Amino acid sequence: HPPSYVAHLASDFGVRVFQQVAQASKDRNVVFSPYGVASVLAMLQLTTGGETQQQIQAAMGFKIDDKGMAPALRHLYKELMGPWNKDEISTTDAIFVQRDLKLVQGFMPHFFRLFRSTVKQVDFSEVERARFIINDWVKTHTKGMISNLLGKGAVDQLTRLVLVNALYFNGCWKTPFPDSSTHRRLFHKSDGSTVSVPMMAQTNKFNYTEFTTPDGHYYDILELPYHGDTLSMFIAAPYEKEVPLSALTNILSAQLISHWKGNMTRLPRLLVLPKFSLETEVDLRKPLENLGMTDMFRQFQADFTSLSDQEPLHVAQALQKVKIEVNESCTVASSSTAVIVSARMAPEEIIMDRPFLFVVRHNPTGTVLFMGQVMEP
């Protein structure tokens, strides 16, 4: 096992799924979790057989069943549930299933053995009760932060199978932003218009690098450490207002991000950054079909035989919902101000007053925990 061999495969697949999601979200805010969807699909591997299993193993690039795959994955989850987790991130996977289905012998114990947790049984014939329960389990397993994951809308008598994934993150900066150096400021939407939003400021030695699109536009990559350095945020945007964020989105990969960090250098800057707080339900169906995982939504074609042996089964709904707060510090509404040794020495100014991209990486492993674009802060 090359170090973090699995971790790198997951984040990877996780990033690939993300492109998909960004392609479908031009001009909208999105926050997403590469890790989450990777974990949830790894689980699903066990409920599946035939081509349905194949489509996933081919898309994820490892087989959950082989030697040390599940072993390495729970260890990953442990590293991320580390003691350093001062309640910064809550995480939840859940596979829900209609209630009177003969589960194939061995499934439960096996699932518990490789994954802990278990498949949750509910009665979808009971209308709104069933979502209510799914929504409650989700709320409580994400420190109350994510509510209505399962939409008042769809899911009916006939729904028999549903995956859910949900994360919440509110991280504590290594150096958090002065409260006093936060002031209003114009943010330029992509359509050129203009909006007055609160931007944070902090002047500091950042890790920094400048890359270029294939179409020859320059763009900034900036690393923000979180406490004790387990995680970092990466911020990226094209220099030129005129350039849509897509130029970046459409080329994002796991490897690109490596190149970014690899290629960084500590440099003094003044950083103006919008304070922001996003919550996005992502529907997984299209992104997954697009990576080859078609069978799993399809009656008469999906192969759930590793789970149930009274045929008819297919995934009704595959939802991830994510909330991320970035604003000054996780801390008791009030962060360490105000210090500044600022004459006319002014270091260069990087201002995120245009749409931009963010990435939260768990540093030892390289896992992209979260990912997103800020369109209107």
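Each residue number is its position in the shown sequence, starting from 1.
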property	result
Mean C-alpha B-factor comparison - 347 to 355 and 327 to 335, higher one	327 to 335
Mean C-alpha temperature factor, higher of 236 to 244 and 189 to 197	189 to 197
Candidate set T47, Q317, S342, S33 [ranked by C-alpha B-factor, highest]	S342
From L41, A70, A59, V322, residue of greatest CA B-factor	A70
Assigned third (lowest, middle, highest) for the C-alpha B factor of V374	lowest
Lowest, middle or highest third - CA B-factor, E210	lowest
Assigned third (lowest, middle, highest) for the C-alpha B factor of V37	lowest
Among modelled residues of the same chain, the CA temperature factor third for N165	lowest
Record-listed C-alpha B factor of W137: chain third	lowest
